[PDB]
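If you use the entry's author numbering, the sequence shown corresponds to residues 4 to 267, in order.
Here's the structure we're looking at; comments come further down.
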Amino acid sequence: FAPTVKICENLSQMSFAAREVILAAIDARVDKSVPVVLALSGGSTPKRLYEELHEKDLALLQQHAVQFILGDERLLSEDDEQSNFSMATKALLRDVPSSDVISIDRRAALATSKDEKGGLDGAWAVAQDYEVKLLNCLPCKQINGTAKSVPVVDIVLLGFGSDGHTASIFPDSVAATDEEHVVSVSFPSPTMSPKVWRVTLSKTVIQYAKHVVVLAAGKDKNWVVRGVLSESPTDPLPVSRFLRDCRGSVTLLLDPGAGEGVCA
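See below:
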């Protein structure tokens, strides 16, 4: 495991660095008629990246250079301001062709997604429909030793929570140990919000992606960063240590608090 680590001074620099990785992948395509598959992250950290892509690179996107998917999602309505779809749409996807964006159908979960216990069955219903869509619309490859396939994502954007989670792969959730599905499910950990059921790309999908790019800022993420980077497992051990087993490249874009102690 040999990740690129870039400690940025601020979120402007972080967002510019993430943008460069995306544009490099788009320009590096041999076949310019097939899109780069990009899995979007949520929360608030990548919002500025999306805004920058909207201002600078909209032409490439209107030419179908990128196929967009949500790497995880809160099971709220698409017009709910705390959905990742809402955030991504306001920042960027409002002017991206619908044909280049894979939607999640949340309807099956909306009646129960805020019920910590009762929401599980509805979350799985949404996960399963989204998995079918991904397997039908993305480039896939067979998973060795199985009768199953995995979508091959070119770039997975990720963040870190202060709880050590990434995507919606939370500590002590189904997703944390789900090695069987393309899309899994979780409820947030005690410190994390919004308190609503989630769907997430699984560890497997992330570990088969060509490039993984994490954007994380704050001293409260430092233990997560150091727990991912330690050669030997170290406690407290973040669930996001699974990133060490990525087959693709991994880049950590960090601010000074998140990156404290890492670099020379």
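Every residue gets a Cβ at the ideal spot worked out from N, C-alpha and C, and that includes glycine.
Per-residue burial, residue i [other beta carbons within 10 Å of its own, 16 or more giving buried]
i	result
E76	buried
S187	buried
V185	buried
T207	buried
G148	exposed
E23	exposed
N87	buried
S102	exposed
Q70	buried
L61	exposed
First through last residue of the beta strand (DSSP E) which encompasses residue i
i	result
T7	7-10
Supposed contact pair residue j and residue i - C-beta distance, whole angstroms, cut 8 Å
i	j	result
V228	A261	6 Å
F4	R247	5 Å
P49	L218	6 Å
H57	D98	7 Å
C-alpha distance - residue i paired with residue j, whole-angstrom precision
i	j	result
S15	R51	8 Å
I105	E55	21 Å
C11	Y53	18 Å
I107	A267	43 Å
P193	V33	45 Å
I172	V253	17 Å
Contact set for residue i: own chain, Cβ-Cβ below 6 Å, skip 5 residues either direction
i	result
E263	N225
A20	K9, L256
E119	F190
Own chain, CB closer than 8 Å to residue i, minus 5 neighbours either side, in chain order
i	result
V155	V40, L141, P142, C143, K144, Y211, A212, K213
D258	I10, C11, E12, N13, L14, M17, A219, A220, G221
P239	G167, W226, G230
The alpha helix (DSSP H) enclosing residue i, as first and last residue numbers
i	result
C143	Unbroken run through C143 is the beta strand (DSSP E), 143-145; no alpha helix (DSSP H).
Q85	First-last for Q85: undefined, no H or E at that position.
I72	Segment 69-73 is the beta strand (DSSP E) holding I72; no alpha helix (DSSP H) there.
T207	206-211
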